[PDB]
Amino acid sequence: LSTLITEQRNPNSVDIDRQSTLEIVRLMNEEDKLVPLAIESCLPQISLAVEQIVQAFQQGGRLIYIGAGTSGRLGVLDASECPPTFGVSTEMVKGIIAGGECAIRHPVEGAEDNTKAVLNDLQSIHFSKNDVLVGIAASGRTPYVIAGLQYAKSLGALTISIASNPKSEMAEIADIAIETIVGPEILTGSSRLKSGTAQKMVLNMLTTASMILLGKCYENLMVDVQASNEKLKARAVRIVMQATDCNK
């Protein structure tokens, strides 16, 4: 844990437990400003991932996310938004979380250390060399994710790692390593903060960019939207009008 930035103490928060409410949120905001800068540095790798994901998609493959705790939950979150936004099948982008569905709401004892469970999770969805696997873990050393990436790599599938520590074991295994160096968290080890934000930003790019390139968009209009409520239904009507000056 001593060689991980994610586990490092932030010099600016040493006396955070003695600072005013405003000073605490201000400090959190200043650190937040650093996350977009950390992603900018990874754009070349993120872009490559999108290119590779689009090709896989065109080959009939799926985009698979794996992770534990918060990282896993973010993969589930991003995946859940693809069908309603781009009108795609729920199978196109799948988010897998260590520990199963119970892990979405709460932690599952030793879930991220189960190196055998990930193989079962991937075999259950018939993971194949045609799919793309994105391993998400701020530490870059989550056993469950390392094993998932190793398995996928051995099968012949393209692998991508998203982690917050440089030269991680995950990055050493993955074909494409996205390293979001966000720096020490305000609360030491609280990766749910800056790394969580970084992961959401990267995941959003992987799906948004890939879906746009696949045609699930016209100009900057969400033409493949799945209206499931009044707002979205009213937006669908609005889109049609914006694309071609007509009326309701």
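The first residue of the sequence shown is number 1, and the count goes up from there.
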| property | result |
| --- | --- |
| Higher-B stretch (mean Cα B-factor, as the entry records it), 188 to 196 or 212 to 220 | 212 to 220 |
| Greater mean Cα temperature factor according to the PDB record, 236 to 244 or 14 to 22 | 236 to 244 |
| Residue selected from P107, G156, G75, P83 by maximal Cα B factor | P107 |
| Highest-ranked of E112, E169, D121, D131 once sorted by CA temperature factor in the record | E112 |
| Third of the chain's Cα B-factor distribution that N204 belongs to, per the entry | lowest |
| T70, C-alpha B-factor rank within chain (lowest, middle or highest third) | middle |
| CA B-factor placement of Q58, once the chain's modelled residues are sorted into thirds | highest |
| Ranked C-alpha temperature factor of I96 among modelled chain residues, by third | lowest |
| Third of the chain's Cα B-factor distribution that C102 belongs to, per the entry | highest |
